[PDB]
$ cat my_file_21.cif   # mmCIF, C-alpha atoms and all ligand atoms
data_run
#
loop_
_atom_site.group_PDB
_atom_site.id
_atom_site.type_symbol
_atom_site.label_atom_id
_atom_site.label_comp_id
_atom_site.auth_asym_id
_atom_site.auth_seq_id
_atom_site.Cartn_x
_atom_site.Cartn_y
_atom_site.Cartn_z
ATOM 1 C CA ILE A 1 2.695 5.996 -10.908
ATOM 2 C CA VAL A 2 -0.054 8.660 -10.877
ATOM 3 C CA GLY A 3 0.869 12.119 -9.362
ATOM 4 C CA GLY A 4 4.546 11.263 -8.786
ATOM 5 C CA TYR A 5 7.709 12.791 -10.292
ATOM 6 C CA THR A 6 10.652 11.731 -12.422
ATOM 7 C CA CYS A 7 13.078 9.851 -10.210
ATOM 8 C CA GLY A 8 16.203 10.800 -11.958
ATOM 9 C CA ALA A 9 18.275 8.349 -13.836
ATOM 10 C CA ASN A 10 19.440 5.612 -11.684
ATOM 11 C CA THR A 11 18.567 7.240 -8.351
ATOM 12 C CA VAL A 12 16.551 4.014 -7.474
ATOM 13 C CA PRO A 13 19.429 1.581 -8.271
ATOM 14 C CA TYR A 14 17.602 -1.626 -7.026
ATOM 15 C CA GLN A 15 14.625 -1.137 -9.411
ATOM 16 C CA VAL A 16 14.296 -3.897 -12.093
ATOM 17 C CA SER A 17 12.144 -4.050 -15.235
ATOM 18 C CA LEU A 18 10.826 -7.468 -16.128
ATOM 19 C CA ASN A 19 10.718 -7.728 -19.937
ATOM 20 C CA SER A 20 9.205 -10.422 -22.153
ATOM 21 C CA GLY A 21 9.515 -8.482 -25.377
ATOM 22 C CA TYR A 22 8.157 -5.353 -23.592
ATOM 23 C CA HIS A 23 8.161 -4.121 -19.978
ATOM 24 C CA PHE A 24 5.282 -5.774 -18.018
ATOM 25 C CA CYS A 25 6.251 -5.600 -14.245
ATOM 26 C CA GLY A 26 8.873 -4.091 -11.904
ATOM 27 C CA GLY A 27 10.936 -5.956 -9.303
ATOM 28 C CA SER A 28 13.705 -5.297 -6.719
ATOM 29 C CA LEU A 29 17.285 -6.654 -6.784
ATOM 30 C CA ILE A 30 17.929 -8.176 -3.380
ATOM 31 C CA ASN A 31 21.480 -9.479 -4.129
ATOM 32 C CA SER A 32 23.569 -10.124 -7.259
ATOM 33 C CA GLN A 33 21.668 -13.307 -8.326
ATOM 34 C CA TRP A 34 18.110 -12.704 -7.053
ATOM 35 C CA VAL A 35 15.100 -10.453 -7.779
ATOM 36 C CA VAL A 36 11.840 -10.263 -5.762
ATOM 37 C CA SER A 37 8.590 -9.268 -7.630
ATOM 38 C CA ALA A 38 4.823 -10.044 -7.358
ATOM 39 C CA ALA A 39 3.540 -13.594 -8.105
ATOM 40 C CA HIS A 40 0.837 -12.141 -10.386
ATOM 41 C CA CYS A 41 3.766 -10.990 -12.595
ATOM 42 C CA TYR A 42 4.769 -14.671 -13.242
ATOM 43 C CA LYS A 43 5.446 -15.508 -16.904
ATOM 44 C CA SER A 44 7.723 -18.023 -18.585
ATOM 45 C CA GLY A 45 10.566 -16.275 -20.595
ATOM 46 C CA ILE A 46 11.486 -13.275 -18.383
ATOM 47 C CA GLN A 47 14.532 -11.114 -19.025
ATOM 48 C CA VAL A 48 15.500 -8.930 -16.124
ATOM 49 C CA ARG A 49 16.739 -5.455 -17.065
ATOM 50 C CA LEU A 50 18.861 -3.692 -14.503
ATOM 51 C CA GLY A 51 20.304 -0.059 -14.553
ATOM 52 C CA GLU A 52 17.376 1.213 -16.490
ATOM 53 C CA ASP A 53 16.080 4.689 -16.734
ATOM 54 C CA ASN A 54 14.281 5.156 -20.091
ATOM 55 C CA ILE A 55 13.129 1.609 -20.998
ATOM 56 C CA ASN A 56 12.934 2.477 -24.647
ATOM 57 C CA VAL A 57 16.442 3.833 -24.994
ATOM 58 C CA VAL A 58 19.726 2.017 -24.333
ATOM 59 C CA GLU A 59 21.542 4.863 -22.359
ATOM 60 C CA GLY A 60 24.579 2.742 -21.523
ATOM 61 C CA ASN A 61 24.003 1.661 -17.887
ATOM 62 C CA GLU A 62 21.807 -1.361 -18.481
ATOM 63 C CA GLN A 63 22.456 -5.007 -17.716
ATOM 64 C CA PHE A 64 20.082 -7.393 -19.542
ATOM 65 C CA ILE A 65 20.046 -10.859 -17.891
ATOM 66 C CA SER A 66 17.781 -13.824 -18.452
ATOM 67 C CA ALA A 67 15.914 -15.464 -15.525
ATOM 68 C CA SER A 68 17.035 -19.152 -14.909
ATOM 69 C CA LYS A 69 14.203 -19.952 -12.547
ATOM 70 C CA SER A 70 11.095 -18.396 -11.003
ATOM 71 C CA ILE A 71 9.560 -19.499 -7.607
ATOM 72 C CA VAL A 72 6.005 -18.253 -6.833
ATOM 73 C CA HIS A 73 5.149 -18.344 -3.135
ATOM 74 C CA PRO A 74 3.798 -21.824 -2.135
ATOM 75 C CA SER A 75 0.514 -20.232 -0.810
ATOM 76 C CA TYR A 76 -0.109 -17.614 -3.525
ATOM 77 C CA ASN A 77 -3.816 -17.320 -4.181
ATOM 78 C CA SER A 78 -4.448 -15.689 -7.524
ATOM 79 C CA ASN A 79 -8.033 -14.976 -6.667
ATOM 80 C CA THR A 80 -7.408 -12.958 -3.461
ATOM 81 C CA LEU A 81 -3.862 -12.076 -4.324
ATOM 82 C CA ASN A 82 -2.885 -13.249 -0.849
ATOM 83 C CA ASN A 83 0.907 -14.051 -0.660
ATOM 84 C CA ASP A 84 1.629 -12.125 -3.838
ATOM 85 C CA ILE A 85 5.424 -12.558 -4.044
ATOM 86 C CA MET A 86 7.806 -14.554 -6.255
ATOM 87 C CA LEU A 87 11.614 -14.793 -6.486
ATOM 88 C CA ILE A 88 13.458 -14.811 -9.798
ATOM 89 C CA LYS A 89 17.092 -16.104 -10.056
ATOM 90 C CA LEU A 90 19.402 -14.631 -12.608
ATOM 91 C CA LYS A 91 21.249 -16.771 -15.134
ATOM 92 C CA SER A 92 24.479 -14.889 -14.312
ATOM 93 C CA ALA A 93 25.187 -12.474 -11.440
ATOM 94 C CA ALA A 94 24.571 -8.821 -11.943
ATOM 95 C CA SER A 95 27.670 -6.497 -11.708
ATOM 96 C CA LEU A 96 26.851 -4.208 -8.807
ATOM 97 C CA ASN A 97 27.957 -0.593 -8.871
ATOM 98 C CA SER A 98 26.371 2.841 -8.185
ATOM 99 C CA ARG A 99 23.706 2.428 -10.857
ATOM 100 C CA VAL A 100 22.795 -1.196 -10.042
ATOM 101 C CA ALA A 101 22.646 -1.885 -6.264
ATOM 102 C CA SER A 102 20.712 -4.359 -4.078
ATOM 103 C CA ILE A 103 18.086 -3.340 -1.474
ATOM 104 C CA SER A 104 18.015 -4.738 2.101
ATOM 105 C CA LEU A 105 15.269 -6.974 3.477
ATOM 106 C CA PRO A 106 13.585 -5.726 6.699
ATOM 107 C CA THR A 107 14.550 -6.901 10.135
ATOM 108 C CA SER A 108 10.988 -5.895 11.339
ATOM 109 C CA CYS A 109 7.699 -4.442 9.881
ATOM 110 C CA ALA A 110 7.197 -0.703 9.328
ATOM 111 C CA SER A 111 4.573 1.283 11.234
ATOM 112 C CA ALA A 112 1.640 3.303 9.985
ATOM 113 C CA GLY A 113 2.793 6.801 9.138
ATOM 114 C CA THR A 114 6.299 5.735 7.957
ATOM 115 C CA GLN A 115 7.098 7.464 4.592
ATOM 116 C CA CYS A 116 8.035 5.136 1.739
ATOM 117 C CA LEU A 117 9.338 5.558 -1.818
ATOM 118 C CA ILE A 118 7.341 3.619 -4.498
ATOM 119 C CA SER A 119 8.701 3.595 -8.080
ATOM 120 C CA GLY A 120 7.798 2.265 -11.515
ATOM 121 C CA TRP A 121 7.156 2.698 -15.220
ATOM 122 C CA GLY A 122 3.415 2.228 -14.923
ATOM 123 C CA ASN A 123 0.394 4.224 -16.113
ATOM 124 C CA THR A 124 0.504 7.900 -15.075
ATOM 125 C CA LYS A 125 -3.227 8.775 -15.638
ATOM 126 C CA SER A 126 -6.254 7.769 -13.405
ATOM 127 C CA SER A 127 -8.987 8.102 -16.003
ATOM 128 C CA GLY A 128 -7.061 7.330 -19.146
ATOM 129 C CA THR A 129 -3.859 5.810 -20.313
ATOM 130 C CA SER A 130 -0.362 7.258 -20.590
ATOM 131 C CA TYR A 131 2.750 5.254 -20.161
ATOM 132 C CA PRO A 132 6.122 6.907 -19.179
ATOM 133 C CA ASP A 133 9.417 5.786 -20.647
ATOM 134 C CA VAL A 134 11.448 6.946 -17.638
ATOM 135 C CA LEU A 135 11.139 5.785 -14.049
ATOM 136 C CA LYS A 136 8.575 7.579 -11.879
ATOM 137 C CA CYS A 137 8.751 7.890 -8.068
ATOM 138 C CA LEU A 138 6.159 8.677 -5.352
ATOM 139 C CA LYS A 139 6.588 9.281 -1.627
ATOM 140 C CA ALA A 140 3.693 7.826 0.286
ATOM 141 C CA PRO A 141 2.921 6.912 3.919
ATOM 142 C CA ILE A 142 1.869 3.515 5.161
ATOM 143 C CA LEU A 143 -1.737 3.854 6.204
ATOM 144 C CA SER A 144 -3.444 2.416 9.244
ATOM 145 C CA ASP A 145 -4.952 -1.028 8.980
ATOM 146 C CA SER A 146 -8.333 0.307 9.955
ATOM 147 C CA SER A 147 -8.439 2.649 7.015
ATOM 148 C CA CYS A 148 -6.946 0.000 4.706
ATOM 149 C CA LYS A 149 -9.610 -2.530 5.746
ATOM 150 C CA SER A 150 -12.489 -0.031 5.718
ATOM 151 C CA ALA A 151 -11.507 0.834 2.104
ATOM 152 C CA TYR A 152 -11.624 -2.899 1.058
ATOM 153 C CA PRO A 153 -13.960 -4.877 3.391
ATOM 154 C CA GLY A 154 -13.185 -8.548 3.776
ATOM 155 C CA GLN A 155 -10.254 -8.328 1.322
ATOM 156 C CA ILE A 156 -7.158 -7.342 3.334
ATOM 157 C CA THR A 157 -5.194 -10.149 4.977
ATOM 158 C CA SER A 158 -2.284 -9.994 7.384
ATOM 159 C CA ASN A 159 0.039 -10.164 4.436
ATOM 160 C CA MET A 160 -1.068 -6.839 2.883
ATOM 161 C CA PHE A 161 -0.789 -3.158 3.767
ATOM 162 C CA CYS A 162 -2.080 0.037 2.227
ATOM 163 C CA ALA A 163 0.030 3.038 1.323
ATOM 164 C CA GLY A 164 -0.947 6.319 -0.207
ATOM 165 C CA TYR A 165 -3.546 9.074 0.136
ATOM 166 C CA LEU A 166 -7.286 8.588 0.761
ATOM 167 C CA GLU A 167 -8.090 11.863 -1.016
ATOM 168 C CA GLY A 168 -6.600 10.118 -4.061
ATOM 169 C CA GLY A 169 -4.578 11.809 -6.770
ATOM 170 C CA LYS A 170 -1.340 9.914 -5.924
ATOM 171 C CA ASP A 171 -0.911 6.099 -6.311
ATOM 172 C CA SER A 172 0.847 3.143 -7.988
ATOM 173 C CA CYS A 173 -0.931 1.887 -11.163
ATOM 174 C CA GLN A 174 -0.786 -0.945 -13.776
ATOM 175 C CA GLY A 175 2.704 -1.392 -15.086
ATOM 176 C CA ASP A 176 4.000 -0.728 -11.548
ATOM 177 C CA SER A 177 3.087 -4.251 -10.251
ATOM 178 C CA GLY A 178 6.024 -6.204 -8.743
ATOM 179 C CA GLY A 179 7.887 -2.959 -7.936
ATOM 180 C CA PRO A 180 9.484 -1.772 -4.670
ATOM 181 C CA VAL A 181 8.051 0.075 -1.670
ATOM 182 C CA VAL A 182 11.170 1.058 0.332
ATOM 183 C CA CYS A 183 10.805 2.648 3.813
ATOM 184 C CA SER A 184 13.888 3.535 5.886
ATOM 185 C CA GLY A 185 16.305 1.849 3.619
ATOM 186 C CA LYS A 186 14.474 -1.551 3.672
ATOM 187 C CA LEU A 187 12.271 -3.260 1.135
ATOM 188 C CA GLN A 188 8.926 -3.289 2.942
ATOM 189 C CA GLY A 189 6.328 -3.699 0.155
ATOM 190 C CA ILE A 190 5.674 -4.998 -3.301
ATOM 191 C CA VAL A 191 3.147 -3.254 -5.657
ATOM 192 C CA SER A 192 0.237 -5.743 -5.682
ATOM 193 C CA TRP A 193 -3.260 -4.391 -6.398
ATOM 194 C CA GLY A 194 -5.799 -1.606 -5.764
ATOM 195 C CA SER A 195 -9.146 -0.339 -7.176
ATOM 196 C CA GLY A 196 -8.292 1.669 -10.334
ATOM 197 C CA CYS A 197 -5.520 4.199 -9.678
ATOM 198 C CA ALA A 198 -5.424 7.269 -7.479
ATOM 199 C CA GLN A 199 -9.225 7.323 -6.736
ATOM 200 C CA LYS A 200 -10.423 8.871 -3.461
ATOM 201 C CA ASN A 201 -10.615 6.376 -0.698
ATOM 202 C CA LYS A 202 -9.029 3.675 -2.791
ATOM 203 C CA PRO A 203 -5.310 3.396 -1.690
ATOM 204 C CA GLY A 204 -2.848 0.930 -3.241
ATOM 205 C CA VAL A 205 -2.326 -2.494 -1.608
ATOM 206 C CA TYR A 206 1.160 -3.907 -1.147
ATOM 207 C CA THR A 207 2.529 -7.345 -0.189
ATOM 208 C CA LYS A 208 3.919 -7.034 3.371
ATOM 209 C CA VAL A 209 7.545 -8.295 2.765
ATOM 210 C CA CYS A 210 8.452 -8.355 6.503
ATOM 211 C CA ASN A 211 6.168 -11.530 6.801
ATOM 212 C CA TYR A 212 8.284 -13.373 4.134
ATOM 213 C CA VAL A 213 11.941 -12.779 5.114
ATOM 214 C CA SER A 214 12.426 -16.351 6.462
ATOM 215 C CA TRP A 215 10.840 -17.808 3.303
ATOM 216 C CA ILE A 216 13.029 -15.540 1.049
ATOM 217 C CA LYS A 217 16.237 -16.251 2.881
ATOM 218 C CA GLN A 218 15.599 -20.062 3.033
ATOM 219 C CA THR A 219 14.574 -20.256 -0.612
ATOM 220 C CA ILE A 220 17.521 -18.241 -2.081
ATOM 221 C CA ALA A 221 19.979 -20.349 -0.011
ATOM 222 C CA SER A 222 18.673 -23.618 -1.345
ATOM 223 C CA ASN A 223 18.449 -22.675 -5.017
HETATM 224 N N1 LIG B 301 -1.236 -9.707 -17.714
HETATM 225 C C1 LIG B 301 -0.412 -9.664 -16.643
HETATM 226 N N2 LIG B 301 0.608 -10.532 -16.545
HETATM 227 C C2 LIG B 301 -0.616 -8.712 -15.635
HETATM 228 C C3 LIG B 301 0.478 -8.237 -14.865
HETATM 229 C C4 LIG B 301 0.324 -7.248 -13.857
HETATM 230 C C5 LIG B 301 -0.959 -6.762 -13.604
HETATM 231 N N3 LIG B 301 -1.303 -5.836 -12.687
HETATM 232 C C6 LIG B 301 -2.628 -5.804 -12.957
HETATM 233 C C7 LIG B 301 -3.584 -4.895 -12.414
HETATM 234 O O1 LIG B 301 -4.781 -5.225 -12.494
HETATM 235 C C8 LIG B 301 -3.220 -3.902 -11.463
HETATM 236 N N4 LIG B 301 -1.936 -3.772 -11.045
HETATM 237 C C9 LIG B 301 -2.073 -2.748 -10.185
HETATM 238 C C10 LIG B 301 -1.063 -2.194 -9.381
HETATM 239 C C11 LIG B 301 -1.423 -1.100 -8.563
HETATM 240 C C12 LIG B 301 -2.752 -0.572 -8.529
HETATM 241 C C13 LIG B 301 -3.074 0.473 -7.653
HETATM 242 N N5 LIG B 301 -4.154 1.201 -7.820
HETATM 243 N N6 LIG B 301 -2.307 0.738 -6.605
HETATM 244 C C14 LIG B 301 -3.728 -1.189 -9.374
HETATM 245 C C15 LIG B 301 -3.380 -2.280 -10.196
HETATM 246 N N7 LIG B 301 -4.175 -3.030 -11.000
HETATM 247 N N8 LIG B 301 -3.131 -6.599 -13.916
HETATM 248 C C16 LIG B 301 -2.027 -7.210 -14.329
HETATM 249 C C17 LIG B 301 -1.887 -8.180 -15.329
HETATM 250 CA CA CA B 302 17.339 2.161 -21.231
#
$ encode --input "my_file_21.cif" --output "structure tokens" --more "lines below"
Ligand SMILES: N=C(N)c1ccc2nc(C(=O)c3nc4ccc(C(=N)N)cc4[nH]3)[nH]c2c1
Ligand SMILES: [Ca+2]
Amino acid sequence: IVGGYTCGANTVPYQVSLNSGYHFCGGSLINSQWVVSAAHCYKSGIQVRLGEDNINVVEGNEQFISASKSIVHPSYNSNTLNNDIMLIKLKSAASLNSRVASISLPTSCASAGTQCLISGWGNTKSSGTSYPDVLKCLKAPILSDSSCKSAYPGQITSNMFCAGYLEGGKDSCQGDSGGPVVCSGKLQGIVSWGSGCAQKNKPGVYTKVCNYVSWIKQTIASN
């Protein structure tokens, strides 16, 4: 997260780290047995780490659980990153409490101008590299489709929205992919892609979760 702040240990209790020997993507716990993340985060051998703040220190609130199965969206296109979403089932149910909580799926889509919280352990520098060990947070508005599509011509589909600041300075970044965009208590976005991080006129692009609720609910119930 570039230009964000330290969340505070376990203030984002639905945030997940996906680990395959090291943190490589975030995710969101949507109930005790299921995580949603980005399909471009797919790997074989995922361990889901819940209750994390510093990902390099065991501070006592963590639950480390292996993934039993991963389901990438049936129409995921890795070239356009259209339908960038995947579900990950846990081998055993998470114990929910104040530090490990699930996030709600949306009943409808959020409008332009709604303020959202975006969180992750990704790169904190735009020109350069610096990786945080504690969770970073950023409040950002959903931008209008016109300014999202003018920023990326011919690349935004109906399944994507932009969030952030066109002056730049504040954005999601690599290492944040798969992570949550929560607006009004609902999971509305997934960190998907962007051009670099925090550049002017290059906002982040997020998977629009309100278009996938039927697919998520049908898939978790049959698996
Ligand atoms: N090797 C992998 N499995 C992998 C996983 C995640 C990646 N994510 C990227 C990656 O390219 C990437 N993730 C981004 C997220 C946000 C922004 C942004 N500016 N909002 C830019 C990003 N660029 N490459 C990736 C590669
Ligand atoms: Ca830890």
$ closest_residue --input "my_file_21.cif" --among "A:176, A:52, A:59, A:133" --to "ligand LIG 301 (chain B)" --atoms "only C-alpha atoms and all ligand atoms"
A:176
$ resolve_selection --input "my_file_21.cif" --expression "the PyMOL selection byres (((not hetatm)) within 6 of (chain B and resi 301))" --output "number ranges by chain"
A: 40-41, 171-174, 176-177, 191-197, 204-205
$ closest_atom_pairs --input "my_file_21.cif" --of "chain A" --to "ligand CA 302 (chain B)" --cutoff "7 Å" --atoms "all atoms listed in the file" --output "Markdown table"
| residue | atom | partner | partner_atom | distance |
| --- | --- | --- | --- | --- |
| A:52 | CA | B:CA302 | CA | 4.8 |
| A:53 | CA | B:CA302 | CA | 5.3 |
| A:54 | CA | B:CA302 | CA | 4.4 |
| A:55 | CA | B:CA302 | CA | 4.3 |
| A:56 | CA | B:CA302 | CA | 5.6 |
| A:57 | CA | B:CA302 | CA | 4.2 |
| A:58 | CA | B:CA302 | CA | 3.9 |
| A:59 | CA | B:CA302 | CA | 5.1 |
| A:62 | CA | B:CA302 | CA | 6.3 |
$ closest_residue --input "my_file_21.cif" --among "A:33, A:17, A:184, A:102" --to "residue A:68" --atoms "only C-alpha atoms"
A:33
$ resolve_selection --input "my_file_21.cif" --expression "the PyMOL selection byres (((chain A and resi 209-216) around 8) and not hetatm)" --output "list in words"
residues 87, 105, 106, 107, 108, 109, 159, 187, 188, 189, 190, 207, 208, 217, 218, 219 and 220 of chain A
$ closest_residue --input "my_file_21.cif" --among "A:110, A:138, A:183, A:148" --to "residue A:124" --atoms "all atoms listed in the file"
A:138
$ axis_aligned_box --input "my_file_21.cif" --around "stretch 34-52 of chain A" --padding-each-side "5 Å" --output "JSON"
{"center_x": 10.6, "center_y": -8.4, "center_z": -13.2, "size_x": 29.5, "size_y": 29.2, "size_z": 24.8}
$ closest_residue --input "my_file_21.cif" --among "A:136, A:129, A:91, A:44" --to "residue A:72" --atoms "all atoms listed in the file"
A:44
$ closest_residue --input "my_file_21.cif" --among "A:143, A:98, A:36, A:49" --to "residue A:70" --atoms "only C-alpha atoms"
A:36
$ atom_distance --input "my_file_21.cif" --atom1 "atom CA of residue A:88" --atom2 "atom CA of residue A:39"
10.1 Å
